[PDB]
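*Asks:* Handing you a structure now.
Cβ placement follows ideal geometry from the backbone for every residue including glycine, while neighbour counts extend to all protein chains displayed. Coordinate-derived values only; no laboratory data.
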Amino acid sequence: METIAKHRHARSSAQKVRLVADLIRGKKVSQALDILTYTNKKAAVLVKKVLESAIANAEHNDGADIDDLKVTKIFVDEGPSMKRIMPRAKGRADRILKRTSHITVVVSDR
Amino acid sequence: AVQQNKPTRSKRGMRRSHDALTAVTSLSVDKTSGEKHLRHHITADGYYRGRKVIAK
Amino acid sequence: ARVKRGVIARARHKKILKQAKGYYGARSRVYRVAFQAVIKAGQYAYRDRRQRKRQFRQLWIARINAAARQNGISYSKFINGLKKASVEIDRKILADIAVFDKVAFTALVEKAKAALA
Amino acid sequence: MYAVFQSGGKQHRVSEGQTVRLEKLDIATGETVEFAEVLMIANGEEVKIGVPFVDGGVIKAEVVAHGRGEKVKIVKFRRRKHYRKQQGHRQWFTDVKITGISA
Amino acid sequence: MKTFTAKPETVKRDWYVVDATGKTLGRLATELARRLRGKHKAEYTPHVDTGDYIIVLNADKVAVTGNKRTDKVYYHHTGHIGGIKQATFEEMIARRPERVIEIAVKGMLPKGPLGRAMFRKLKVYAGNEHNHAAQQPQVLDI
RNA sequence: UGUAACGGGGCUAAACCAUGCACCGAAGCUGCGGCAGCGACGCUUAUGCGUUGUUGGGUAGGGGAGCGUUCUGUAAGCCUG
RNA sequence: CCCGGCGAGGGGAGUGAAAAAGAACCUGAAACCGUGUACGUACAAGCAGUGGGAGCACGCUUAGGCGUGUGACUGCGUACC
């Protein structure tokens, strides 16, 4: 049993989410429930909501148990950016590039 | 000044060990609380010394 | 009608960047840096074509002079005394017994003294 | 037997059943040849002759492969007084297996 | 083409020592560099070193006395700007007899990482006593 | 500025003179095997391969010998799900 | 229809040859972001490369002398329109 779930156009920069991705990836497949609820920064609570939705999409698909599952892949890709403007002295302006990301998680019983 | 070349992927060294943190070794389990709690400290349902001392 | 350059599009950048493998940083990504590094790689392969020969002599003589000085004589006096004998020399390519056989070397030093005073 | 001989102005060492690459011999595969310019010969002991070349010596060989060799690139450059002209460079080989060595 | 080459890797050493009594500090170091590189025992050289250990034990017993002994300069930069030290051959044998050859032989070892690999074998002693009394260094003779 | 007026180790020869042979020394000169042209030849063909003579730095510039693109005709064709 | 904040986004369900054609709606190499397995590797001096080549994997074949990748060791090495 394998479930793959993605969350797209998410309101965070992909590189900032890729800091928490390496803390959850690998490490004897034992970082979810171990530190995921207790990890700092706004990126960690985003990937936790995606992971708890991915295992709920496994219970939607087959049977009543999900206790054999672990995370096997966790990656994040760059969403389509928005060129905004904010004026300055004269001006002149700030670039204020607004960004998004696409998060993908895989959960498996193997 | 600007980055004239992309660094060898090892040079993030002592930032890479801080890029995501719990900053604690390693949080404790309690018999009447769901989420784990800090050493010498209160749980997310108000338990301290095995007894409930505050309400949420 | 127009030619639109499709006959050669991307093909010049390919021809250099396929030769840019393993080169450090910009040399394996930036065609202007890679082209310059490939002409310099061509210079060193051109110099090998015109310098390689020298290192074969440097193997031959180094084993002769060391073994001849272990026999009490200099290479310059050995090779001259061996040419003074007429023939029996087999050229500098075959002096390898200086690191492969003791008896064949002492018999070659005896031949390098046969015609001397 | 182990021998050394002259072929195409180049010297070659051969033991029975060994193979050597010469320059262009137009007769191609399966044809046989015989060489007489043998310099030294041995049975594990060399004849150690006090003269150039072996009397009555012959080496027997058969063609096993032939043709034009792999191309070498030759280019003539100069900086700031500009030229870059290319010269073509290909040569020919014939690969022959030794069937016998006698003297 | 890739025509195979036979690479040795295994080595065992029996330990030798050379006498400095009545010899010049210049040519003693030139002969010691030649013996460390192995060009008295092994051929080609500097490549594929299969040699044996060769050291000095009586390095203080070198020659030249009563004239040209209060001589030479041995200039050295300490690492503190223009800060420089100087010596004489008399002072060097009187208080630095193991180091005066050590600072001069490294300048005649092979270039690159092989220089360090030969320098690690040098191990010079003075006063006729070493830390190798169970190895044990025997006299190098012709 | 920091050895600072043998490259450097170091040196009464390893300094300096001229003298004799050896040795290392380039793509030079020669040999061996080829390339590109041309005067003269030899052996031979889905036609070129050897032999000999003779030459082979080149930007400014002059003058030649080939490769390639797209389009109209050939195309009332040919390739094609 | 499922999770979620009757959010947003995905994930099922239904249509199609194909929705990796699903609204930002056909096709498409890259600079920037990022992958796992093999191979080498934890003191080291210079335009960052080049010729030879042990070891190992990968490929194939009497494995037997030669392909795809990496790389110990080693001769050569102060950018350019």
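*Asks:* Along the principal axes of its C-alpha atoms, what lengths does the stretch B:1-55 span, in descending order and rounded to whole Å?
*Replies:* 60, 19, 17
*Asks:* Peptides A:21-30, A:35-44, E:130-139: what's the order by average Cβ count within 10 Å, highest mean first? Could you put the intermediate results ahead of the total?
*Replies:* Numbers: A:21-30: 14.4, A:35-44: 17.5, E:130-139: 11.5.
Highest-to-lowest ranking by the protection proxy: A:35-44, A:21-30, E:130-139.
*Asks:* Could you tell me how far the Cα centroid of the stretch E:62-138 sits from the Cα centroid of the stretch B:1-50, in Å?
*Replies:* Answer, in whole Å: 56.
*Asks:* Sketch the reach of a paramagnetic label on residue E:95 as a point 7 Å from Cα along Cα-to-Cβ, and name the residues of the stretch E:54-89 whose backbone nitrogen lies under 12 Å away.
*Replies:* E:86-88, by backbone N distance to the label point.
*Asks:* Another question, if that's okay. At q = 0.10, 0.21, 0.23 Å⁻¹, what base-10 log of I(q)/I(0) does the Debye formula yield for chain C when every alpha carbon is treated as an equal point scatterer in vacuo?
*Replies:* -0.56, -1.10, -1.21
*Asks:* Going through the cross-link list E:12/E:121; A:48/B:11; C:92/D:73; C:53/D:10; E:41/E:123; C:84/E:39, which pairs have a Cα-Cα distance over 24 Å in this structure? Present the calculation step by step, with values, prior to reporting the outcome.
*Replies:* Numbers: E:12/E:121 14 Å; A:48/B:11 29 Å; C:92/D:73 31 Å; C:53/D:10 16 Å; E:41/E:123 20 Å; C:84/E:39 28 Å.
Cα-Cα > 24 Å for A:48/B:11; C:92/D:73; C:84/E:39; rest within.
*Asks:* Run the dipole for the protein assembly as shown about the Cα centre, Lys and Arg Cβ at +1, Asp and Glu Cβ at -1, nothing else charged, and hand back the magnitude in debye, nearest 20. All intermediate terms of the calculation are to be shown ahead of the outcome.
*Replies:* Working: 109 positive and 50 negative charges, 1037 e Å.
That gives the protein assembly as shown a dipole magnitude of about 4980 debye.
*Asks:* Within 10 Å of each residue's Cβ, count the other Cβ atoms and sort A:82, E:1 from fewest upward.
*Replies:* On the way: A:82 10, E:1 2.
Sorted ascending by nearby Cβ count, the order is E:1, A:82.
*Asks:* More than 27 Å apart: what percent of Cα pairs in chain E qualify? Spell out each step's value before the answer.
*Replies:* Numbers: 3042 of 10011 pairs.
Of all Cα-Cα distances in chain E, 30 percent exceed 27 Å.
*Asks:* Related question: Mind putting a number on the dipole of chain A about its Cα centre? Charges go on the C-beta only, +1 for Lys and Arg and -1 for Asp and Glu, and I need it in Debye to the nearest 20. If you can, show how the numbers build up before the last one.
*Replies:* Numbers: 23 positive and 13 negative charges, 294 e Å.
Dipole magnitude for chain A comes out near 1420 debye.
*Asks:* Let me know the charge dipole size of the stretch E:55-130 about its Cα centre in debye, to the nearest 20, where only the beta-carbon of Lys, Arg (+1) and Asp, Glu (-1) is charged.
*Replies:* On the way: 14 positive and 7 negative charges, 66 e Å.
My answer is approximately 320 debye.
*Asks:* Of C:60, E:15, how do they rank once you tally other Cβ atoms within 10 Å and put the fewest first?
*Replies:* Values: C:60 17, E:15 13.
Ordered from fewest to most neighbouring Cβ atoms within 10 Å, C:60, E:15 come out as E:15, C:60.
*Asks:* If we count other beta carbons within 10 Å of each Cβ, what is the order of C:78, D:77, fewest first? Walk me through the intermediate numbers first.
*Replies:* Numbers: C:78 21, D:77 12.
With the fewest neighbours first, C:78, D:77 line up as D:77, C:78.
*Asks:* What translational diffusion coefficient, in µm²/s and rounded to a whole number, does the Stokes-Einstein relation yield for the stretch A:52-100 at 37 °C and a viscosity of 0.692 mPa s, taking the hydrodynamic radius as the Kirkwood radius over Cα pairs?
*Replies:* Working: Rh = 15.2 Å.
Stokes-Einstein gives a translational diffusion coefficient of 216 µm²/s.
*Asks:* Sticking with this one: For Cα pairs less than 8 Å apart in space and 6+ apart in sequence, what is the mean separation divided by the residue count of chain C, i.e. the relative contact order in percent? Intermediate values should be presented prior to the final figure.
*Replies:* On the way: 71 pairs, mean separation 21.0, N = 117.
Answer for chain C is 18 percent.
*Asks:* Next question, about the same structure. Could you give me the radius of gyration and the Dmax of chain A, taking only the C-alpha atoms into account and expressing both in angstrom?
*Replies:* Reported Rg and Dmax, both Å: 17.3, 65.
*Asks:* Next question. Which FRET efficiency, nearest 0.05, do residue C:15 and residue A:9 yield, Cβ-Cβ r, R0 41 Å? If you can, show how the numbers build up before the last one.
*Replies:* Values: r = 41 Å, r/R0 = 0.99.
Taking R0 as 41 Å, the efficiency between residue C:15 and residue A:9 is 0.50.
*Asks:* Let me ask you something else. Hey, what angle do you get for helix A:14-24 against the long axis of chain A, alpha-carbon based, 0 to 90 degrees rounded to 10?
*Replies:* The answer is roughly 30 degrees.
*Asks:* Just name one of A:85, B:38, E:77: the one whose Cα is farthest towards the positive end of the charge dipole of the protein assembly as shown (beta-carbon charges, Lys/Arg +1, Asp/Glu -1).
*Replies:* Value computed over the given set: A:85.
*Asks:* Once you keep just the Cα pairs under 8 angstrom separated by 6 or more residues, what percentage relative contact order results for chain E?
*Replies:* Numbers: 183 pairs, mean separation 47.3, N = 142.
Across chain E, relative contact order equals 33 percent.
*Asks:* Also: Can you give the average number of partner chain beta-carbon atoms within 10 Å of each beta-carbon in peptide B:13-20, as a whole number? Each step should come with its number before you reach the end.
*Replies:* Numbers: counts 0, 0, 1, 2, 0, 1, 7, 14.
Mean number of neighbouring Cβ atoms from other chains: 3.
*Asks:* Okay, next question. The stretch E:1-63: D in µm²/s via Stokes-Einstein (Kirkwood Rh, Cα pairs, 20 °C, 1.002 mPa s)?
*Replies:* Values: Rh = 13.8 Å.
Using the Kirkwood radius from Cα pairs, D works out to 156 µm²/s.
*Asks:* Over its Cα atoms, what ratio of radius of gyration to 2.2 N^0.38 Å does the protein assembly as shown give?
*Replies:* 1.63
*Asks:* Separate question: Could you compute Rg(Cα) / (2.2 N^0.38 Å) for chain D, with N its residue count? Write down the numbers at each step before the final one.
*Replies:* Working: Rg = 19.1 Å, N = 103, 2.2 N^0.38 = 12.8 Å.
For chain D, the normalised Cα radius of gyration is 1.49.
*Asks:* If you don't mind, another one. When only Cα pairs under 8 Å and 6 or more residues apart are kept, what is the percent relative contact order across chain A?
*Replies:* Details: 183 pairs, mean separation 48.3, N = 110.
It comes to 44 percent, rounded to a whole number.
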